[PDB]
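Engineer: Next comes start20.cif, mmCIF, C-alpha atoms and all ligand atoms:
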```
data_data
#
loop_
_atom_site.label_atom_id
_atom_site.label_comp_id
_atom_site.auth_asym_id
_atom_site.auth_seq_id
_atom_site.Cartn_x
_atom_site.Cartn_y
_atom_site.Cartn_z
CA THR A 762 20.64 11.93 2.14
CA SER A 763 24.21 12.97 1.28
CA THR A 764 25.23 10.04 -0.95
CA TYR A 765 22.97 6.96 -0.89
CA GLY A 766 25.44 4.76 -2.72
CA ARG A 767 25.12 1.40 -0.96
CA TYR A 771 29.35 -0.54 -5.06
CA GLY A 772 27.14 1.96 -6.88
CA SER A 773 25.39 1.69 -10.24
CA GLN A 774 28.00 0.39 -12.70
CA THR A 775 30.30 3.31 -13.51
CA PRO A 776 31.25 3.63 -17.18
CA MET A 777 34.86 4.13 -18.28
CA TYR A 778 36.49 6.50 -20.74
CA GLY A 779 38.29 4.03 -23.01
CA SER A 780 35.25 1.75 -23.05
CA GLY A 781 33.39 4.19 -25.29
CA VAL B 353 49.57 15.46 3.25
CA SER B 354 50.32 11.74 3.02
CA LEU B 355 47.16 9.83 4.09
CA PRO B 356 44.22 8.66 1.93
CA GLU B 357 41.64 9.07 4.70
CA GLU B 358 42.28 12.82 4.91
CA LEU B 359 42.33 13.17 1.11
CA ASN B 360 39.01 11.36 0.60
CA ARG B 361 37.25 14.19 2.48
CA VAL B 362 37.09 16.47 -0.57
CA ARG B 363 36.38 13.51 -2.84
CA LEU B 364 33.36 14.64 -4.88
CA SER B 365 31.32 11.47 -5.32
CA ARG B 366 28.83 10.93 -8.14
CA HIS B 367 25.82 11.42 -5.86
CA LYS B 368 26.86 14.87 -4.64
CA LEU B 369 27.55 16.32 -8.10
CA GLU B 370 23.89 15.74 -9.00
CA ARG B 371 22.82 18.60 -6.72
CA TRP B 372 25.06 21.24 -8.33
CA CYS B 373 24.41 20.63 -12.01
CA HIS B 374 23.12 24.19 -12.40
CA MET B 375 24.07 25.98 -9.17
CA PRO B 376 26.12 29.18 -9.65
CA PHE B 377 29.63 29.52 -8.21
CA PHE B 378 30.36 26.11 -9.74
CA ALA B 379 33.89 27.04 -10.84
CA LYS B 380 34.51 28.54 -7.38
CA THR B 381 33.12 25.65 -5.30
CA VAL B 382 34.36 22.73 -7.43
CA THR B 383 37.81 23.91 -8.52
CA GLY B 384 39.99 22.47 -5.75
CA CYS B 385 38.49 19.09 -4.90
CA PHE B 386 39.56 15.76 -6.40
CA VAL B 387 37.54 13.05 -8.13
CA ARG B 388 38.25 9.39 -8.92
CA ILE B 389 37.70 9.65 -12.66
CA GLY B 390 37.59 6.25 -14.35
CA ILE B 391 39.98 5.68 -17.26
CA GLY B 392 39.68 1.96 -17.96
CA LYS B 397 40.94 -2.16 -16.46
CA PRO B 398 39.92 -1.42 -12.84
CA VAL B 399 42.80 1.06 -12.46
CA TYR B 400 41.95 4.65 -11.55
CA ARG B 401 43.82 7.95 -11.74
CA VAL B 402 43.10 10.97 -9.55
CA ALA B 403 43.36 14.29 -11.39
CA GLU B 404 43.18 17.94 -10.42
CA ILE B 405 40.20 20.11 -11.35
CA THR B 406 41.55 23.04 -13.37
CA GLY B 407 38.23 24.51 -14.52
CA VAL B 408 34.90 23.80 -16.20
CA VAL B 409 33.90 23.28 -19.84
CA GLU B 410 30.74 22.51 -21.78
CA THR B 411 30.90 19.62 -24.23
CA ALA B 412 28.90 19.49 -27.46
CA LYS B 413 27.56 16.02 -26.56
CA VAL B 414 24.46 15.68 -24.37
CA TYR B 415 24.13 12.58 -22.19
CA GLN B 416 21.72 11.41 -19.50
CA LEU B 417 23.04 10.50 -16.04
CA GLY B 418 20.31 8.45 -14.40
CA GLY B 419 17.47 10.91 -13.89
CA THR B 420 18.98 14.29 -14.77
CA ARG B 421 21.09 15.16 -17.82
CA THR B 422 23.91 17.65 -18.39
CA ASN B 423 26.51 18.55 -21.03
CA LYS B 424 29.23 20.00 -18.77
CA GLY B 425 32.50 18.09 -18.69
CA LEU B 426 35.47 18.54 -16.38
CA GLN B 427 38.89 19.78 -17.51
CA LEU B 428 41.11 17.49 -15.41
CA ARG B 429 44.88 17.00 -15.32
CA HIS B 430 47.09 14.25 -13.85
CA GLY B 431 50.49 15.88 -13.50
CA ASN B 432 50.96 16.70 -17.18
CA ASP B 433 48.43 14.67 -19.16
CA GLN B 434 45.22 16.67 -19.58
CA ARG B 435 42.11 16.17 -21.72
CA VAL B 436 38.33 16.51 -21.64
CA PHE B 437 36.28 14.25 -19.35
CA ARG B 438 32.68 13.76 -18.24
CA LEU B 439 30.86 13.52 -14.91
CA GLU B 440 29.36 10.12 -15.80
CA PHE B 441 32.69 8.27 -15.63
CA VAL B 442 33.48 9.41 -12.07
CA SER B 443 33.23 6.57 -9.55
CA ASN B 444 32.07 6.58 -5.93
CA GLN B 445 35.04 4.58 -4.60
CA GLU B 446 37.59 6.18 -2.30
CA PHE B 447 41.28 6.73 -3.02
CA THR B 448 42.90 3.36 -2.38
CA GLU B 449 46.51 3.09 -1.25
CA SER B 450 47.79 2.12 -4.71
CA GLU B 451 45.94 4.98 -6.41
CA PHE B 452 47.12 7.38 -3.71
CA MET B 453 50.75 6.37 -4.25
CA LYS B 454 50.29 6.64 -8.02
CA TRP B 455 48.89 10.15 -7.69
CA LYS B 456 51.73 11.15 -5.36
CA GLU B 457 54.32 9.83 -7.80
CA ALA B 458 52.64 11.64 -10.69
CA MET B 459 52.61 14.90 -8.72
CA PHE B 460 56.27 14.54 -7.72
CA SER B 461 57.23 13.80 -11.34
CA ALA B 462 55.23 16.72 -12.76
CA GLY B 463 56.64 19.12 -10.16
CA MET B 464 53.30 20.55 -9.02
CA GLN B 465 53.59 21.26 -5.31
CA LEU B 466 51.24 19.03 -3.35
CA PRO B 467 48.33 20.87 -1.67
CA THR B 468 48.63 21.76 2.00
CA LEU B 469 46.77 20.06 4.84
CA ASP B 470 45.31 23.37 6.03
CA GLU B 471 44.32 24.16 2.44
CA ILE B 472 42.35 20.92 2.21
CA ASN B 473 40.84 21.53 5.65
CA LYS B 474 39.62 25.02 4.72
CA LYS B 475 38.45 23.88 1.27
CA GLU B 476 36.40 20.88 2.41
CA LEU B 477 34.11 23.26 4.33
CA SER B 478 33.17 24.91 1.02
CA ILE B 479 30.98 22.00 -0.07
CA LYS B 480 29.49 21.77 3.42
CA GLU B 481 28.50 25.45 3.51
CA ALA B 482 27.26 25.30 -0.10
CA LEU B 483 25.03 22.26 0.48
CA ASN B 484 23.00 24.11 3.13
CA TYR B 485 22.83 27.29 1.02
CA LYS B 486 19.40 28.91 1.15
CA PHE B 487 17.89 29.59 -2.29
CA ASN B 488 16.68 33.08 -1.40
CA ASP B 489 18.23 34.88 -4.38
CA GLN B 490 16.99 34.62 -7.98
CA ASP B 491 18.78 31.42 -9.02
CA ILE B 492 15.75 29.14 -9.38
CA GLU B 493 14.87 30.90 -12.62
CA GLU B 494 18.30 30.25 -14.12
CA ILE B 495 18.20 26.65 -12.90
CA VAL B 496 14.85 25.92 -14.53
CA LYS B 497 15.97 27.72 -17.70
CA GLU B 498 19.18 25.69 -17.98
CA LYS B 499 17.19 22.51 -17.31
CA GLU B 500 14.48 23.17 -19.90
CA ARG B 501 17.18 24.18 -22.39
CA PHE B 502 18.03 20.47 -22.79
CA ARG B 503 14.92 18.79 -21.36
CA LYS B 504 12.49 18.39 -24.26
CA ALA B 505 9.09 20.03 -23.76
CA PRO B 506 6.38 17.41 -24.50
CA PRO B 507 7.30 15.33 -21.43
CA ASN B 508 4.67 14.96 -20.17
CA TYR B 509 1.73 16.41 -18.23
CA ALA B 510 2.13 19.79 -19.98
CA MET B 511 1.13 18.73 -23.50
CA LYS B 512 -2.02 20.87 -23.46
CA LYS B 513 -0.09 23.84 -22.10
CA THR B 514 2.53 23.46 -24.83
CA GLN B 515 -0.17 23.24 -27.50
CA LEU B 516 -1.87 26.37 -26.17
CA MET C 1 -16.83 4.26 -9.97
CA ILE C 2 -15.74 0.61 -10.04
CA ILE C 3 -17.71 -2.63 -10.28
CA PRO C 4 -18.61 -3.85 -6.78
CA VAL C 5 -17.20 -7.10 -5.48
CA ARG C 6 -20.61 -8.52 -4.52
CA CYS C 7 -24.32 -7.82 -4.79
CA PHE C 8 -25.75 -5.60 -2.09
CA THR C 9 -28.89 -7.72 -1.84
CA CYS C 10 -27.79 -11.31 -2.45
CA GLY C 11 -24.05 -11.46 -1.88
CA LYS C 12 -22.95 -13.31 -4.98
CA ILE C 13 -19.55 -12.34 -6.32
CA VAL C 14 -19.95 -9.97 -9.26
CA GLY C 15 -16.68 -8.04 -9.55
CA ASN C 16 -15.24 -10.90 -11.62
CA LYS C 17 -17.91 -10.57 -14.31
CA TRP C 18 -17.73 -7.01 -15.65
CA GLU C 19 -15.08 -7.85 -18.25
CA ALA C 20 -16.91 -11.01 -19.29
CA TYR C 21 -20.09 -8.94 -19.57
CA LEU C 22 -18.44 -6.37 -21.83
CA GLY C 23 -16.97 -9.13 -23.96
CA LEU C 24 -20.27 -10.96 -24.32
CA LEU C 25 -22.09 -7.76 -25.20
CA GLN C 26 -19.43 -6.88 -27.76
CA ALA C 27 -19.46 -10.31 -29.40
CA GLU C 28 -23.18 -10.40 -30.15
CA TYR C 29 -25.12 -11.36 -27.03
CA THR C 30 -27.67 -8.85 -25.79
CA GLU C 31 -27.83 -7.92 -22.11
CA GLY C 32 -30.75 -10.19 -21.29
CA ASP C 33 -28.81 -13.08 -22.81
CA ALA C 34 -25.31 -12.23 -21.54
CA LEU C 35 -26.65 -11.93 -17.98
CA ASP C 36 -28.06 -15.46 -17.86
CA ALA C 37 -24.99 -16.59 -19.80
CA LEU C 38 -22.76 -15.41 -16.96
CA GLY C 39 -25.22 -16.90 -14.47
CA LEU C 40 -27.33 -14.28 -12.69
CA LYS C 41 -30.74 -15.84 -12.03
CA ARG C 42 -31.93 -13.42 -9.35
CA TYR C 43 -32.86 -10.00 -10.66
CA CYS C 44 -31.17 -8.42 -7.64
CA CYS C 45 -27.78 -9.23 -9.12
CA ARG C 46 -28.52 -8.25 -12.72
CA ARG C 47 -28.74 -4.60 -11.69
CA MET C 48 -25.06 -4.66 -10.73
CA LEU C 49 -24.35 -5.11 -14.45
CA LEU C 50 -27.28 -3.31 -16.11
CA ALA C 51 -26.91 -0.13 -14.09
CA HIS C 52 -23.26 -0.07 -13.06
CA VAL C 53 -21.58 3.07 -14.33
CA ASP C 54 -17.87 2.82 -15.12
CA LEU C 55 -16.25 6.10 -14.09
CA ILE C 56 -12.83 4.63 -13.26
CA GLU C 57 -12.03 5.17 -16.94
CA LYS C 58 -12.63 8.93 -16.68
CA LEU C 59 -10.67 8.86 -13.43
CA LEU C 60 -7.65 7.26 -15.11
CA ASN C 61 -7.84 9.75 -17.98
CA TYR C 62 -6.32 12.21 -15.48
CA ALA C 63 -3.00 10.42 -15.42
CA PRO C 64 -0.67 11.85 -12.76
CA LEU C 65 2.67 11.47 -14.52
CA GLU C 66 3.12 10.77 -18.22
CA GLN D 12 17.69 15.19 8.52
CA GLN D 13 14.35 15.74 6.79
CA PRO D 14 14.52 18.50 4.14
CA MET D 15 10.77 18.06 3.59
CA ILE D 16 10.17 16.59 0.11
CA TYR D 17 7.34 17.76 -2.17
CA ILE D 18 5.90 16.55 -5.48
CA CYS D 19 5.53 19.01 -8.33
CA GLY D 20 2.11 19.79 -9.75
CA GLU D 21 2.37 18.96 -13.45
CA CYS D 22 5.86 17.42 -13.63
CA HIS D 23 5.26 14.97 -10.74
CA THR D 24 8.96 15.20 -9.83
CA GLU D 25 10.35 15.25 -6.27
CA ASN D 26 11.71 18.50 -4.86
CA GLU D 27 13.49 19.49 -1.65
CA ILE D 28 11.99 22.70 -0.27
CA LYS D 29 13.37 24.01 3.03
CA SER D 30 12.02 26.80 5.19
CA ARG D 31 12.34 30.38 3.97
CA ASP D 32 12.58 29.18 0.37
CA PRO D 33 10.30 29.64 -2.63
CA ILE D 34 7.72 27.02 -3.55
CA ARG D 35 8.78 26.11 -7.08
CA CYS D 36 9.86 23.03 -8.95
CA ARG D 37 13.50 22.36 -9.74
CA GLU D 38 12.60 22.40 -13.45
CA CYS D 39 9.92 24.05 -15.62
CA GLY D 40 8.90 26.25 -12.71
CA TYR D 41 5.42 25.97 -11.26
CA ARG D 42 3.82 27.28 -8.10
CA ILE D 43 1.93 24.12 -7.15
CA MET D 44 3.24 21.04 -5.43
CA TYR D 45 1.83 18.45 -3.09
CA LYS D 46 3.34 16.47 -0.27
CA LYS D 47 4.24 12.82 -0.02
CA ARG D 48 2.44 10.15 1.96
CA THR D 49 3.41 9.85 5.61
CA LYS D 50 5.61 7.05 6.94
CA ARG D 51 3.29 6.08 9.80
CA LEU D 52 1.48 2.73 10.14
CA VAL D 53 -1.50 3.32 7.87
CA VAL D 54 -3.48 0.23 8.88
CA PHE D 55 -7.13 -0.32 8.02
CA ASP D 56 -9.79 -2.84 8.96
CA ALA D 57 -11.45 -4.04 5.77
CA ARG D 58 -14.84 -3.57 7.41
ZN ZN E 1 -28.07 -10.34 -5.38
ZN ZN E 2 9.64 24.56 -10.58
#
```
Go ahead and express the file in the form of structure tokens.
Structural biologist:
Amino acid sequence: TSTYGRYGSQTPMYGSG
Amino acid sequence: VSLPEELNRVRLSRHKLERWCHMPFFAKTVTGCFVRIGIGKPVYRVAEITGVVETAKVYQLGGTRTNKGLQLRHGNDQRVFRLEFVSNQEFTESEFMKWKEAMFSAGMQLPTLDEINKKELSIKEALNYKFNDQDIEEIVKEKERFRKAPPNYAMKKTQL
Amino acid sequence: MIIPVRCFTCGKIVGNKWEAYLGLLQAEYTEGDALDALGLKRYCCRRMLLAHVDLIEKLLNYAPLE
Amino acid sequence: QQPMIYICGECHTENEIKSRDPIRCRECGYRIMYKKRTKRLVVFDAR
């Protein structure tokens, strides 16, 4: 249960905002 | 230090930072590791953790929600960041070389292998830290500070 | 607590008629008419609708989360 | 690696409570919490 990443969950960017 | 495999050990992923959103000794246990903060197209830039700051903008990260940023710095360029942009990918060879070049250009002496080896154990010993002191109160207080009250099964208690 | 699936005496399926029974009673049909409208000749099966208490509603009122 | 997970009383949120630790939720702060269903083969005979 350290990091159940399995990739990820769509990481947002800085400049995108 | 010149390998990415040994540098990825202290890489604070996005899943591990969710268990220290309100744990004390944050500035002492986090200041030292590296994160793969996303700039944005798929290029990344590793930066050093100088300290901790609280931003005036509140955002939700999956289940929990915090308003603490991360004062990072990549050689010379520094600015405010957030824990939601950090990615779970490891330091690739290109990003590793880019970080090395940035460090050599800025002049900041690269960390030592023994320093990284003795610092990586900090997260390990902090993960298995027993909550015997009186920190649960502060944790719940900091949580409820931002978590609105009505949600959800405590409506009657709130009304009373 | 919840409408049975069949009649204890006969065995006819009745769980698929509680909603139709409530709808027929709410429209205008009385119980004696809605029963034979659904199709419950034997009196042994009409009790499953005339006497069934619906406590699952009170049970759901105690929602766990949210 | 089973830290023993519990479910809060009123919040219905998951919490990781280890031995020699207080029984409280990560948020709000209650003193009630239930366990989670086992992972065994709960098999029944619709009889
Ligand atoms: Zn019958
Ligand atoms: Zn609690």
Engineer: May I have the residues within 7 Å of range 762-778 of chain A as a ChimeraX atom specification, using all atoms listed in the file and disregarding those fewer than 4 positions away in the same chain?
Structural biologist: /B:367-368,390-392,440-441,443-444
Engineer: Could you pull out the residues sitting within 7 Å of ligand ZN 1 (chain E), using only C-alpha atoms and all ligand atoms, and write them as a JSON list (two decimals) with C-alpha atoms, in the frame of the given file?
Structural biologist:
```
[["chain", "number", "residue", "atom", "x", "y", "z"],
["C", 7, "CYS", "CA", -24.32, -7.82, -4.79],
["C", 8, "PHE", "CA", -25.75, -5.60, -2.09],
["C", 9, "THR", "CA", -28.89, -7.72, -1.84],
["C", 10, "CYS", "CA", -27.79, -11.31, -2.45],
["C", 11, "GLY", "CA", -24.05, -11.46, -1.88],
["C", 12, "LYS", "CA", -22.95, -13.31, -4.98],
["C", 42, "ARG", "CA", -31.93, -13.42, -9.35],
["C", 44, "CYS", "CA", -31.17, -8.42, -7.64],
["C", 45, "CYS", "CA", -27.78, -9.23, -9.12]]
```
Engineer: List all protein, DNA and RNA residues that have an atom no more than 8 Å from any atom of ligand ZN 2 (chain E), counting all atoms listed in the file, and report them as a list in words.
Structural biologist: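 I would give the residues around ligand ZN 2 (chain E) as residues 492 and 496 of chain B; 19, 34, 35, 36, 37, 38, 39, 40, 41 and 42 of chain D.
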Engineer: Give me, as a list in words, all polymer residues having an atom no more than 6 Å from range 33-35 of chain C, counting all atoms listed in the file and skipping those fewer than 4 positions away in the same chain.
Structural biologist: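 Selected residues are residues 24, 29 and 40 of chain C.
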Engineer: Give me the residues of chain C that have any atom at most 12 Å from an atom of chain D; for each, the nearest atom pair and the distance in Å, rounded to one decimal. Use only C-alpha atoms, sort by chain and number, and format it as CSV.
Structural biologist:
```
residue,atom,partner,partner_atom,distance
C:62,CA,D:21,CA,11.2
C:63,CA,D:21,CA,10.3
C:64,CA,D:23,CA,7.0
C:65,CA,D:23,CA,5.8
C:66,CA,D:22,CA,8.5
```
Engineer: I'd like the interatomic distance between CA of residue 358 in chain B and CA of residue 476 in chain B, to a tenth of an Å.
Structural biologist: 10.3 Å
Engineer: Between CA of residue 374 in chain B and CA of residue 434 in chain B, what is the distance, to one decimal in Å?
Structural biologist: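 We find that CA of residue 374 in chain B and CA of residue 434 in chain B lie 24.4 Å from each other.
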Engineer: Taking only C-alpha atoms into account, find every residue of chain B that has an atom no more than 12 Å from chain A, and write it out as a ChimeraX atom specification.
Structural biologist: /B:363-371,388-392,397-401,417-418,435-446,479-480,483-484
Engineer: The residues within 7 Å of (-19.4, -1.0, -10.9), using all atoms listed in the file and the coordinates of the file, should be reported as a list in words; which are they?
Structural biologist: residues 1, 2, 3, 4, 48, 52, 53 and 54 of chain C
